[PDB]
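Report on the structure given below.
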Amino acid sequence: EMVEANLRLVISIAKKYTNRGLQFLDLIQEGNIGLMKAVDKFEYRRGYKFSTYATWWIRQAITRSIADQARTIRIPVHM
DNA sequence: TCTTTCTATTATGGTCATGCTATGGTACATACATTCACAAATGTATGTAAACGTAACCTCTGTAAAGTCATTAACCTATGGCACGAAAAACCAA
Numbered sequence: 378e379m380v381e382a383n384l385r386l387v388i389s390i391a392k393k394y395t396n397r398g399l400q401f402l403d404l405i406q407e408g409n410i411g412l413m414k415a416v417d418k419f420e421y422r423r424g425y426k427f428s429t430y431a432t433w434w435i436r437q438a439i440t441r442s443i444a445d446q447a448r449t450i451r452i453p454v455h456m
């Protein structure tokens, strides 16, 4: 029920990170994986909304996806 | 029960070959260990001497086979002597 009601937050934050690094369906899938990893470690006693906490995780997912291959060769993340 | 009016892939050649190469960006903070790069020591390594033996190797005397030259006598041009066969003189028959 969480993922079927928050796929659209993922696509809304994922359609602004499509700067021609790779085809964007992999970015949609990695955003869904980041949504899963943000739901798996979500707290209730904080009192804040879930989007601000999930934004950092989904940007980390999109960052590691765009820095995973990024070329035909392998370049590390720090480089 | 049956033929037209629409919704999508194949198709047509290459030989003679051309120049100058990239195009926009979008976070950091601990982390623990694999890997490159030098100290220092081992170990087998290479290159310098020294001893024995025969690869031998020329030197010299003795045994052996091959060109030649002492004999001695076999044949062979000579000499003397005696048959021999031709050539001319003689005499007889018709």
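Numbering-wise (the authors' numbering), the first sequence opens with residue 378 and increments by one.
All C-beta atoms in this analysis are idealised placements derived from N, C-alpha and C, irrespective of residue type, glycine included.
**Request:** Would you kindly report the start and end of the unbroken alpha helix (DSSP H) that includes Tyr430?
**Result:** On the first sequence, position 53 is the one that residue 430 refers to. Per DSSP, the unbroken alpha helix (DSSP H) holding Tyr430 starts and ends at 427-443.
**Message:** Here's a check: name, in chain order, each residue in its chain whose Cβ is nearer than 8 Å to the Cβ of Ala438, leaving out the five neighbours to either side.
**Reply:** Walking along the first sequence from the start, residue 438 turns up at place 61. Cβ-Cβ distances below 8 Å link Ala438 to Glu407, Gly408, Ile410, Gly411, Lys414 in the same chain, with the five nearest sequence neighbours on each side left out; the list follows chain order.
**Request:** Can you give me the Cβ contacts of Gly398 inside the same chain, cut-off strictly under 7 Å, excluding the 5 residues immediately before and after it?
**Result:** For the purposes of this step, residue 398 is taken as the residue at position 21 of the first sequence. Answer for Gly398: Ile443, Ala447, listed in chain order.
**Asked** Could you give the uninterrupted runs of the alpha helix (DSSP H) lying entirely in the segment 384-422, keeping only those of 4 residues or more?
**Response** Entirely contained in the segment 384-422, the alpha helix (DSSP H) runs reaching 4 residues are, in chain order, 401-416.
**Request:** Using the Cα positions of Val454 and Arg441, report the straight-line distance between them to the nearest angstrom.
**Result:** Numbered from 1 along the first sequence, position 77 holds the residue referred to as residue 454. Numbered from 1 along the first sequence, position 64 holds the residue referred to as residue 441. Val454 and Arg441 have their C-alpha atoms spaced approximately 8 Å apart.
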